[PDB]
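Worksheet for the structure shown next.
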Ligand SMILES: Nc1ncnc2c1ncn2[C@@H]1O[C@H](COP(=O)(O)OP(=O)(O)O)[C@@H](O)[C@H]1O
Ligand SMILES: Nc1ncnc2c1ncn2[C@@H]1O[C@H](COP(=O)(O)OP(=O)(O)O)[C@@H](O)[C@H]1O
Ligand SMILES: Nc1ncnc2c1ncn2[C@@H]1O[C@H](COP(=O)(O)OP(=O)(O)O)[C@@H](O)[C@H]1O
Ligand SMILES: [Mg+2]
Ligand SMILES: [Mg+2]
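Protein chains in written order, with the deposited numbering: chain J, 5 to 375; chain H, 5 to 375; chain I, 189 to 375; chain D, 514 to 685; chain C, 514 to 685.
As structure tokens, then:
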């Protein structure tokens, strides 16, 4: 039988069959309920919408994300999301296919135990396995050595892997990702008079961020350049026909990734986190780690962020070392592609958590057979 | 020389001299123009009226508020009010006295830049400064720590401050204040046959809201009581002699402050926002912030609102902490009172934006010397 | 402990949170005599779990983190270090001295410092050294209650002995020899 | 039997619907309300695993998130006297609900549905599962009496008020 | 005279303050910047002892830590033409500053201080000890002009944007 892989990220759900090169269903993970009082009989009869349907009708819904910072907080909405993914997007019966799920490192242990319980009771999957997102991202790169900087919608984490061996004491995690950047862009958009407060307007701001933001190689010279002329200004059309124009806000929003102090957080930037995580490894593997930075996740495709990251690490690393950043164009799905590869290996068919093995041990089994 | 403090609120204009205890002049911030054709020659006819004089002739005028939701819109009308403020209310020359202005947080930067230009060129003030209204409220209370909830005519905002240090990422703003309640009362008063459509009648309703409305401690129980007997009904006399009687509308109007969904807003109530503002601060300062809730502004003058806020915050907060709500009796002028103190500090005199500094840097200098 | 409290949803990332977690460690942790046996008991029932009150009123409860945190003193493999435990370090420290003084050095294990204040750490030290040591030798652990300030008390003693006032370093000596004098005069 | 069961402070704030939406035409005042209570009783991780597992299974049988299970349960819940185990099973939910630290907030939420959505329109002929849940929230059981709505057809304060707009066009 | 001076790569990172603290009402951008520079030039152990000491003495004379020492140096530096020894010491400081391996990070930190906290608001009338230091970090001398801030009054966009919340309470 064919395996299933389902990357329930913080913002988007990726699903598909093992052995395929790309996800088959990609929809935003939002569950919305109406907030106005219906008046026409026979038309308002649904209670909640899932995925793209919620996005299309976001004008009269309240959109809620069932995941906050990689940790699931509303389990009923998550049940709805998984039900939709299994039935309406993939059109398969989960009782006939093993599933592979993903999780960020240093996540609360209760989060994965409940995932195991939901899979093994409500959906009755024959077997399931939980994998660390950053490790899978390295599978879909044809490498077995490097440090992975995975940054999605909720969690940005680093996992250094050398010759297949992970150094868990050097795993760094940071709660600063795409949702925080969207919120910051929403906060600073009020400087020009544009105010967005509702969840639908939050989605609008997120789309603007996706389409018009880029990372500056040199922040201070870029700030002078935008303040001296109007070359960097760009125009975006709101869905109702209004036109908005943004200036330095194009490269100020992604700048929080390197200077988290803008949004009140004390942690260091992503480059300093990468450097600290590398410096906690053994002295004989740093040279290989500098040459194999792997970047993946949706927050990673800001234009020019690879060059900025390389410049920062070059400034932080010794001169004689060579810094190479690896950013393939398909890094929005590196985690999912790696998950597809891993479930397709012939040496993996012995590490599934079978149904019988869960009944004997309980939800605690997922802690032993998984990392 | 004596400094001037002029708080341009959405509803009222508070002006006076630094060092005084109460503002000398408090007049409504409206500009009215006639909407009929004059027939009688030989008597003084003016194209516009400002302040109290506009109120007394509101039966023949069209009243317009030159400030909305906290941002100035009609600049030509706004210029008139300042000219009325400096020459007809205060009987002073702005060329001799420095002026201190007030502004809500998170306003568009164009709003405060114009306030600089219209005061260094139109009135030619020696120097000026722009301050956050919430901070000025804390000064009048004689404190240095707490969370301020200032709700006036246009904007309700929270600014948590610890030991004179603010947390900008924790500042909350809502466009829900007295002017929105007046429009809501003007709608549910159509339930009993009372209609008010003209701007002249909106002033009448605004007076009804002030003298009769109150916040009930429990909404459900109060609703049942008003539906059971006629204890809560009260009478009001319209200016033409007609008499109106209202029942449960007395405490339904201020309830929107806790359930904004009445007026179609998706935002949460003020009590949840105040709680949400606190949880964005650091863990070690939440104990002090719970015990130092400071209120100011006209929208806080409702009878029983302090108790209702006290009850609601307690439920969301843990059982161990103590919740104290601070509502000094003169909180309708707290922002201005703090303004008089701040302009009277000997240390504050180094923070003014002088006329010389403006000509060197332009209107953008207000963004650097002002928080 | 910071890295391990994340397993229950508790997140601490800032320096003030660092001090808070340090206070939790001081007030709740203890050293288990048999780590494997204690780990079974914690997973079997809830007698070991305790409660602590965060500064902002929230209540946290920690279980096996009470004795897994101080276990890193015996198994530095927990934080990824290749070095051996403190008990085996003490054992090696004795085997590098001359054979005739090993008997006395077994009988005078003196321990001091704040990290030594955990409840029961003396007994675990005694058991581990006895396991390593020869059967005939007597292992005795000396843990004075004021060992949190043993270094300061010893400094107070040594600064007041008469035979010490000739082992000072004086500005007149400093000017002649420079900062290099410290290695020559002190140990 | 469920000693040491802890709950999250504000886990049920995000489930209550909009006050406006409680006036929709095809709106459900029972399924939505039970969903609010179902999320309110969810045990947090601080609860020990053996105790936590017992309550979760029980809630999945009396307060399910599904619709087919709820409909099938409601079918056998009307004639509850023929299922002694359900009477004893739900009687457990009496003690935990009335001992919930957030009992007052749920009660104010509970009456919010009654005032507007009207889940207690049957005022006594309420479903055994639904009526029993409300008994834990408010022990007096006075919700069966009536929500005390207002009727002012007589309008003792008769108005006959003519305003500016009414002045322009008035008959007689 | 200062050959072989090696420094820690990231010694000065822990000294630069947060961006939010730059806009503090009572914030000495000059003193914080000079403290960052002072940390950036700390000799390490690899440096031989005599040159290390000599550089420590020079650094203490020109870049102290006490407030009174900094104030006295600034006051005595107003009329600097009468202290050629200070000229020579400052030139020697410039020569070693200009060859710092972390010059780019120091230059960008100086630009951040100038833009956020307004390190150079006198735009050419800055203190002499700051002038040579900044010239070392950035050799173009363009810091005399200023950060070149932005303006919004030119109305490049006529705005007139009315979103959801602004559409409710719309006047006229
Ligand atoms: N081209 C882009 N530029 C900048 N940000 C993007 C782009 N595309 C997607 N994003 C952001 O990346 C975030 C996370 O995407 P994704 O990688 O799917 O998250 P996850 O890893 O949780 O599935 C989204 O919230 C989105 O805002
Ligand atoms: N006693 C009162 N009870 C209820 N509302 C009041 C009372 N007094 C004033 N208000 C309302 O407060 C609103 C704002 O007043 P004010 O504090 O002057 O606002 P601002 O801060 O914008 O100047 C007014 O619209 C008025 O309707
Ligand atoms: N009662 C206690 N239980 C456990 N640990 C403690 C206790 N008191 C202090 N400590 C630990 O001892 C450490 C430092 O104590 P101390 O001996 O004063 O250090 P130092 O020897 O460096 O002065 C602290 O970090 C604290 O974690
Ligand atoms: Mg992901
Ligand atoms: Mg005001």
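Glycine included, every Cβ here is placed at the ideal spot set by N, Cα and C.
Report task. Report whether the distance from the Cβ of residue 13(H) to the nearest heavy atom of ligand 2 is below 7 Å. Result -> Yes - ligand 2 has a heavy atom lying nearer than 7 Å to the Cβ of residue 13(H).
Requested in this report: Evaluate contact between the segment 203 to 218 of chain I and the segment 303 to 323 of chain I, counting only Cβ atoms and requiring at least three cross-stretch pairs below 8 Å.
Outcome: The way I'd put it, the segment 203 to 218 of chain I does touch the segment 303 to 323 of chain I; three or more beta-carbon pairs between them come closer than 8 Å.
Query raised in the report: Grouping DSSP H, G and I as helix and E and B as strand, with all else coil, what is residue 198(J)?
Result: When secondary structure is reduced to three states using DSSP, residue 198(J) falls in the coil class, being assigned neither helix nor strand.
Query raised in the report: For residue 48(J) and chain D, any beta-carbon pair shorter than 8 Å?
Result: Yes - at least one Cβ of chain D is within 8 Å of the one on residue 48(J).
Query raised in the report: Do you know how far the Cα of residue 150(H) is from the Cα of residue 1(H)?
Result: The structure shown does not extend to residue 1(H), since chain H is modelled only from 5 to 375, so the question has no answer here.
Query raised in the report: Does residue 348(H) have its Cβ less than 8 Å from a Cβ in chain C?
Result: So no, residue 348(H) is outside the interface.
Query raised in the report: How is the alpha helix (DSSP H) around residue 676(C) delimited, first residue to last?
Result: Residue 676(C) -> no alpha helix (DSSP H), and no H or E assigned at all.
Report task. With residue 119(H) as the anchor, note down where its beta strand (DSSP E) starts and where it stops. Result -> Per DSSP, residue 119(H) lies in no beta strand (DSSP E); the unbroken alpha helix (DSSP H) holding it starts and ends at 113 to 121.
Query raised in the report: Can the beta-carbon of residue 357(J) be found closer than 8 Å to that of residue 132(J)?
Result: Taking 8 Å as the cut-off, the Cβ atoms of residue 357(J) and residue 132(J) count as close.
Query raised in the report: Between the beta-carbon of residue 264(J) and the beta-carbon of residue 140(J), is there less than 8 Å?
Result: Against a cut-off of 8 Å, the Cβ pair of residue 140(J) and residue 264(J) comes out as no contact.
Query raised in the report: Would the beta-carbon of residue 30(H) be found less than 7 Å away from any heavy atom of ligand 7?
Result: Ligands in the displayed structure: ligand 1, ligand 2, ligand 3, ligand 4 and ligand 5; ligand 7 is not one of them.
Report task. Anything with a beta carbon under 7 Å from a heavy atom of ligand 3 counts; list them all in chain order. Result -> Those residues having their beta-carbon less than 7 Å away from any non-hydrogen atom of ligand 3 are, in chain order, 210(I), 213(I), 214(I), 217(I), 301(I), 302(I), 303(I), 305(I), 306(I), 336(I), 339(I).
Query - Beta-carbon spacing of residue 84(J), residue 17(J) below 8 Å - result: For the pair residue 84(J) and residue 17(J), the CB atoms are not nearer than the 8 Å cut-off.
Requested in this report: With a cut-off of 8 Å on the beta carbons, I'd call residue 222(H) and residue 106(H) a contact; round off their distance for me.
Outcome: Between the beta-carbon of residue 222(H) and that of residue 106(H) there is about 36 Å, and that puts the pair past the 8 Å contact cut.
Report task. Pull up the distance between the alpha-carbon of residue 9(J) and that of residue 156(H), whole angstroms please. Result -> Cα to Cα, residue 9(J) sits roughly 54 Å from residue 156(H).
Query raised in the report: Grouping DSSP H, G and I as helix and E and B as strand, with all else coil, what is residue 321(I)?
Result: Reduced to three states, the DSSP call for residue 321(I) is coil.
Query - residue 124(J) to residue 340(J) span [Cα, whole Å] - result: For the pair residue 124(J) and residue 340(J), the Cα-to-Cα distance works out to about 22 Å.
Query raised in the report: Just to confirm, does residue 2(H) get its C-beta within under 7 Å of one of the non-hydrogen atoms of ligand 2?
Result: The displayed coordinates of chain H run from 5 to 375. Any statement about residue 2(H) would go beyond what the structure contains.
Query raised in the report: In terms of residues, what are the limits of the alpha helix (DSSP H) holding residue 534(C)?
Result: Judged by DSSP secondary structure, residue 534(C) falls within the alpha helix (DSSP H) whose first and last residues are 532 to 535.
Query raised in the report: Are any of the Cβ atoms in chain D nearer than 8 Å to that of residue 201(H)?
Result: Chain D has a Cβ within less than 8 Å of the Cβ of residue 201(H).
Query raised in the report: Roughly how many whole angstroms lie between the Cα atoms of residue 517(C) and residue 551(C)?
Result: Rounded to whole angstroms, residue 517(C) to residue 551(C) spans 18 Å at the Cα level.
Query raised in the report: Name the chain D residues whose beta carbon is nearer than 9 Å to that of residue 15(J)?
Result: The contacting residues do not exist; residue 15(J) stays about 18 Å from chain D at best.
Query raised in the report: Which ranges does the beta strand (DSSP E) cover as unbroken runs of at least 3 residues, wholly within the segment 87 to 175 of chain J, from first to last along the chain?
Result: DSSP runs (the beta strand (DSSP E)) wholly in the segment 87 to 175 of chain J: 103 to 107, 131 to 136, 150 to 155, 160 to 166.
**Report entry** Euclidean distance between Cα positions of residue 104(H) and residue 345(H)
**Finding:** Cα to Cα, the separation comes out at about 11 Å.
Query raised in the report: Is the shortest distance between the beta-carbon of residue 66(J) and the beta-carbons of chain H less than 8 Å?
Result: Yes - at least one Cβ of chain H is within 8 Å of the one on residue 66(J).
Report task. Compare the beta carbon distance of residue 262(H) and residue 245(H) with 8 Å and say whether it is the shorter of the two. Result -> For residue 262(H) and residue 245(H), no; Cβs fall outside 8 Å.
Query raised in the report: With burial defined as no fewer than 16 other Cβ atoms inside 10 Å of the residue's Cβ, what is the status of residue 257(H): buried or exposed?
Result: Per the 10 Å Cβ criterion, buried.
Query - 8 Å Cβ cutoff met for residue 252(H) and residue 242(H) - result: Not closer than 8 Å, so no.
Requested in this report: Say whether chain I places a C-beta atom closer than 8 Å to the C-beta of residue 303(H).
Outcome: No Cβ of chain I is located within less than 8 Å of the beta carbon of residue 303(H).
Query raised in the report: For residue 413(I), which residues from the same chain have a beta carbon less than 8 Å from its beta carbon, with the 5 sequence-adjacent residues on both sides left out?
Result: Absent from the model: residue 413(I). The displayed extent of chain I is 189 to 375, so no value can be given.
Query raised in the report: Hey, quick one: how far does the beta strand (DSSP E) through residue 210(J) stretch, first residue to last?
Result: Residue 210(J): not part of any beta strand (DSSP E); member of the alpha helix (DSSP H) spanning 203 to 216, first to last residue.
Query raised in the report: At a Cβ threshold of 8 Å, is residue 83(J) touching chain D?
Result: Using a Cβ-Cβ cut-off of 8 Å, residue 83(J) counts as an interface residue toward chain D, since at least one Cβ of chain D sits closer than that to its own.
Requested in this report: Using a Cβ-Cβ cut-off of less than 8 Å, list which residues of the segment 265 to 287 of chain I approach chain J; keep chain order.
Outcome: Residues 267, 268.
Report task. May I ask which residues mark the beginning and end of the beta strand (DSSP E) holding residue 32(J)? Result -> It spans 29 to 32 - the beta strand (DSSP E) in which residue 32(J) sits, taken as one unbroken run.
Query raised in the report: Are the segment 649 to 660 of chain C and the segment 573 to 592 of chain C touching, with three or more C-beta to C-beta distances below 8 Å?
Result: No, the segment 649 to 660 of chain C does not touch the segment 573 to 592 of chain C.
Query raised in the report: Is DSSP giving residue 558(D) helix, strand or coil here?
Result: Of the three classes helix, strand and coil, the one that applies to residue 558(D) here is coil, per DSSP.
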